[PDB]
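Just so you know, these numbers use all the heavy atoms, side chains as well, and skip hydrogens, waters and symmetry mates. Quick note on labels: first sequence line is chain A, next is B, and so on, each numbered from 1. All ligand and atom numbering here is 1-based and tracks the order in the structure.
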Number of protein chains: 2
Amino acid sequence: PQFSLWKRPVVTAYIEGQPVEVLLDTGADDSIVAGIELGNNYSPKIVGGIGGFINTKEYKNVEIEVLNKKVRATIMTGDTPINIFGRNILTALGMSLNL
Amino acid sequence: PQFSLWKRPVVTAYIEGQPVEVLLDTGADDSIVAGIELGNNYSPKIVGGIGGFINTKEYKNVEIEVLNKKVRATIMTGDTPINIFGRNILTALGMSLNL
Ligand SMILES: Cc1cccc(C)c1OCC(=O)N[C@@H](Cc1ccccc1)[C@H](O)CN1CC[C@@H](S(=O)(=O)c2ccncc2)C[C@H]1C(=O)NC(C)(C)C
């Protein structure tokens, strides 16, 4: 798969079996999804971006299926305008930015 | 050029002759740079990120030298922790995400 960047590179991922549309983001170090409930075993974290920080709940070894791949990775949940898959998952999937 | 995403994909660009370190960001729709004076010709824009909103100055037809290409693109200027090259510039360079 190859993504031109004319439109946002957004795909469907399944997090713990629930589908979420996510943005593939080389500018995000980690990943953060909204609207999913992952349970009580998390560590509190903060994440920053343009405009300030948000509180997040960090979850480890989450089961993800994306791009016909299956990984386990850390995901944060939080009030994010769009769901972001940062370089933590992208590296696990084997994606690169090419010119 | 191919960037694995183990490290942040940060490069040196020249904006109207001035060297800046920038992040190549597929999740940013637009581009925002701090610490450079572009000129008087701007419109003030509002820009939304993870934490909240920021006021910026938009510059059109700014000349950029990056990754061996020269482009002219729109660049905003603002209170940004990291200089960002988002999709407008990525598309113009012929960059893609690949799996
Ligand atoms: C999630 C994460 C974990 C650990 C480290 C980082 C850096 C993270 O990412 C946060 C972020 O905001 N990253 C953005 C780049 C960044 C990094 C560091 C500091 C500042 C900015 C992102 O790639 C690009 N994002 C993706 C999220 C969308 S959004 O969901 O928030 C949104 C979209 C439209 N309207 C409102 C909000 C906004 C957009 C961005 O800031 N874009 C501009 C740079 C053009 C402002």
Side-chain angles (χ1 to χ4, degrees), chain A residues 3 5 7-11 13 15 20-36 38 42-60 62 64 73-92 95 97, chain B residues 3 5-11 13 15 20-36 42-60 62 64 73-92 95 97:
Chain A
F3 289 85
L5 293 166
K7 314 179 157 297
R8 301 185 166 168
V10 168
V11 300
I15 305 167
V20 289
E21 276 228 313
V22 293
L23 176 64
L24 313 176
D25 194 340
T26 68
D29 296 324
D30 310 299
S31 301
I32 171 180
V33 312
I36 49 133
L38 292 176
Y42 57 87
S43 338
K45 261 77 184 105
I46 243 85
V47 45
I50 281 281
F53 310 81
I54 59 164
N55 284 109
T56 53
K57 297 168 171 178
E58 195 192 49
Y59 292 95
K60 271 111 161 23
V62 179
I64 295 141
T74 317
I75 272 143
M76 284 177 287
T77 56
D79 174 353
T80 168
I82 300 172
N83 307 128
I84 300 164
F85 269 12
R87 311 177 295 101
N88 79 120
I89 296 179
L90 316 173
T91 313
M95 291 207 111
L97 236 197
Chain B
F3 295 70
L5 305 159
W6 178 255
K7 299 312 201 169
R8 282 202 170 139
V10 172
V11 308
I15 304 179
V20 166
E21 204 69 27
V22 288
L23 175 63
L24 315 188
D25 202 344
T26 56
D29 300 321
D30 303 314
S31 296
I32 176 163
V33 161
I36 58 187
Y42 70 83
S43 313
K45 296 312 178 191
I46 240 56
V47 205
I50 233 153
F53 281 79
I54 70 166
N55 282 339
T56 52
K57 308 181 195 171
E58 192 196 50
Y59 294 88
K60 271 138 297 251
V62 182
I64 303 175
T74 299
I75 274 286
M76 261 168 273
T77 252
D79 201 48
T80 191
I82 305 177
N83 312 326
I84 285 149
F85 276 10
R87 294 184 309 104
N88 63 311
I89 296 196
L90 269 26
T91 311
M95 201 127 227
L97 255 191

When you measure from [atom] to every protein heavy atom, which one gives the shortest distance, and what is it?
{"atom": "atom 12 (O) of ligand 1", "answer": "A:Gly49 CA, 3.5 Å"}
{"atom": "atom 8 (C) of ligand 1", "answer": "A:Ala28 CA, 3.8 Å"}
{"atom": "atom 3 (C) of ligand 1", "answer": "A:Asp30 N, 3.5 Å"}
{"atom": "atom 41 (O) of ligand 1", "answer": "A:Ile50 CG1, 3.6 Å"}
{"atom": "atom 2 (C) of ligand 1", "answer": "A:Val47 CG2, 3.6 Å"}
{"atom": "atom 32 (C) of ligand 1", "answer": "B:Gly48 O, 3.8 Å"}
{"atom": "atom 19 (C) of ligand 1", "answer": "B:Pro81 CG, 3.7 Å"}
{"atom": "atom 44 (C) of ligand 1", "answer": "B:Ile84 CD1, 3.7 Å"}

Which segment of B:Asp25 sits under 4.0 Å of ligand 1 when only heavy atoms are counted: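 For B:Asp25, only side-chain atoms sit under 4.0 Å from ligand 1.
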
Close-contact set for ligand 1 against A:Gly27 heavy atoms, below 4.0 Å: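 Once the distances to A:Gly27 are compared, the set is 7 (C), 13 (N), 15 (C), 17 (C), 23 (O).
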
Ligand-side contact atoms (ligand 1) for residue partner B:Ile82, heavy atom cut-off under 4.0 Å: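 Reading through ligand 1 atom by atom, the close ones are 18 (C).
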
Nearest neighbour of atom 6 (C) of ligand 1 from the list A:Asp29, A:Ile54, B:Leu23, B:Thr80, on a heavy-atom basis: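 Of the listed residues, A:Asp29 has the closest heavy atom.
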
Check: B:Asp25 side chain, B:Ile84 main-chain N or O, donor-acceptor pair, under 3.5 Å: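 Side chain of B:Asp25 to backbone of B:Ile84: no pair is present.
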
Audit row: B:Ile89, B:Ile64, side-chain contact (heavy atoms from CB on, under 4.5 Å) steps and yes/no: CA-CA 9 Å; B:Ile89 296 196; B:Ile64 303 175; 3.6 Å; yes

A:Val11 side chain near A:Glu21 side chain, heavy-atom distance below 4.5 Å: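 No, side chains not in contact.
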
Side chain proximity check, B:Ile50 to A:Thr80, heavy atoms < 4.5 angstrom: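 Contact flag for B:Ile50/A:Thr80 side chains = yes.
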
Partners meeting salt bridge (charged side-chain N to carboxylate O under 4.0 Å, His left out) with A:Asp79 (sequence neighbours left out):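 Expected list: none.
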
Partners meeting salt bridge (charged side-chain N to carboxylate O under 4.0 Å, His left out) with A:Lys45 (sequence neighbours left out):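 Salt bridge (charged side-chain N to carboxylate O under 4.0 Å, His left out) check on A:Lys45 returns nothing, list empty.
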
Pair A:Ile32-A:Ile54, side-chain contact (heavy atoms from CB on, under 4.5 Å): steps then yes or no: CA-CA 11 Å; A:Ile32 171 180; A:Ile54 59 164; 3.6 Å; yes

Distance (rounded to the nearest 0.5 Å) between A:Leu5 CG and B:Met95 CE: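 The CG atom of A:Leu5 sits 8.5 Å away from the CE atom of B:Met95.
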
